[PDB]
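From first to last, the protein sequence lines are chains A and B.
Its first residue numbered 2, the first sequence is counted upward by one per residue in our numbering.
Its first residue numbered 2, the second sequence is counted upward by one per residue in our numbering.
Cβ coordinates follow ideal geometry from the N, Cα and C atoms, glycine included.
Protein chains: 2
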Amino acid sequence: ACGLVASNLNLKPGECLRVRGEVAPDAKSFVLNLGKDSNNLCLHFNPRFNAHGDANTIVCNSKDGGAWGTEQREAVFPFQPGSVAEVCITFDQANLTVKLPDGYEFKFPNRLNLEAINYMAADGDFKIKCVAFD
Amino acid sequence: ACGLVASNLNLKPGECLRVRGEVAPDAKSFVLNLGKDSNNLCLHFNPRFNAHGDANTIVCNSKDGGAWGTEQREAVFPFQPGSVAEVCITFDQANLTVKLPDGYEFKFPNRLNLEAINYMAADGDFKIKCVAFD
Ligand SMILES: O=C(O)[C@H](O)[C@@H](O)[C@H](O[C@@H]1O[C@H](CO)[C@H](O)[C@H](O)[C@H]1O)[C@H](O)CO
Ligand SMILES: O=C(O)[C@H](O)[C@@H](O)[C@H](O[C@@H]1O[C@H](CO)[C@H](O)[C@H](O)[C@H]1O)[C@H](O)CO
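Pasting the structure below:
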């Protein structure tokens with residue numbers, strides 16, 4: 002919405018999307034959105050340092066034809082304000098797999114049954130430095 | 002564009018944009034477009050392997066409010082079909098500096114009044130593997 006927006010990614014099941022960015026020193030929250038377009042997101046990835054009453058919590062959700070799905074809250078938080086963070090994402094028909102710094106990872110269901118990821122957007126307190134496709 | 006489209010790049014003067022991609026084995030042409038949007042390009046970078054009657058020539062141009070400017074052709078063509086190529090681009094108010102594989106570097110005048118570069122699009126026989134902001 003205000004950070005980097007990319008489309009025509011043509012990311013296929015099995016392929017690895019790597020994103021490296023800078024976490025603001027005064028970070029409250031940042032967002033990575035993945036999906037078909039801005040209205041159809043298979044992953045809304047929202048680490049909240051201190052936002053919406055949440056402290057040190059990753060919130061995940063989907064968006065289907067403009068409507069948000071049910072929020073899932075993760076158990077882990079390997080992010081520090083004022084540091085460099087890398088996130089790696091892959092997916093298949095059933096699940097997205099998100100790999101985090103310090104060896105953490107979680108799965109989030111592929112609620113939209115997407116077979117290609119064509120859209121990515123960053124927002125909030127995260128400056129993208131590098132994007133790569135493996 | 003069938004290729005990657007990126008917006009909100011916020012590339013400022015003196016900053017370096019690095020693009021790595023695979024050139025198709027039967028490549029005829031590829032395009033990197035940089036500017037404000039699809040109608041307003043401070044750089045249209047178009048290596049022609051075999052297109053528009055041209056052979057192994059880099060064609061550069063600008064686009065201003067939908068109108069193509071005066072074409073310039075460069076003297077070197079350090080691109081091989083079926084290989085990986087990195088291109089680095091910096092800019093200031095006067096010129097864009099394009100650094101090519103095999104060390105060659107050329108300048109293309111900045112014909113637009115751009116404070117920052119916010120838009121990038123790739124097209125043709127070039128598959129983007131990595132984008133980095135430096
Ligand atoms: O605080 C809550 O539990 C509440 O459900 C909020 O998380 C929620 O906020 C939105 O969640 C979305 C993801 O599900 C996005 O992160 C939005 O940016 C965020 O506003 C509420 O629906 C509104 O406060
Ligand atoms: O052959 C020429 O010299 C002539 O100028 C062609 O290069 C020109 O082609 C267009 O050049 C643009 C950049 O200046 C873009 O690359 C367009 O895609 C391309 O068609 C002629 O207009 C071709 O009819």
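- Not flagged as an interface residue toward chain A: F127 of chain B, since no C-beta distance is shorter than 8 Å.
- Using a Cβ-Cβ distance cut-off of 8 Å, the stretch 100-115 of chain A and the stretch 24-39 of chain A are in contact, since at least three pairs of beta carbons, one from each stretch, lie closer than that value.
- Between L10 of chain B and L5 of chain A, the C-beta spacing is below 8 Å.
- Residue environment analysis places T71 of chain B among the exposed positions, since fewer than 16 neighbouring C-beta atoms fall within 10 angstroms of its C-beta.
- Taking 8 Å as the cut-off, the beta carbon of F50 of chain B is found closer than this to the beta carbon of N57 of chain B.
- Sequence-distant Cβ neighbours of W69 of chain B in its own chain, meaning closer than 7 Å and more than five residues away, are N62.
- Here the alpha carbon of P102 of chain B sits roughly 21 Å from the alpha carbon of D93 of chain B.
- DSSP lists A:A52 as the beta-bridge partner residues of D55 of chain A.
- Considering only beta carbons, no part of the stretch 13-38 of chain B lies closer than 7 Å to chain A.
- From the beta-carbon of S8 of chain B, the residues of chain A found nearer than 7 Å are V6.
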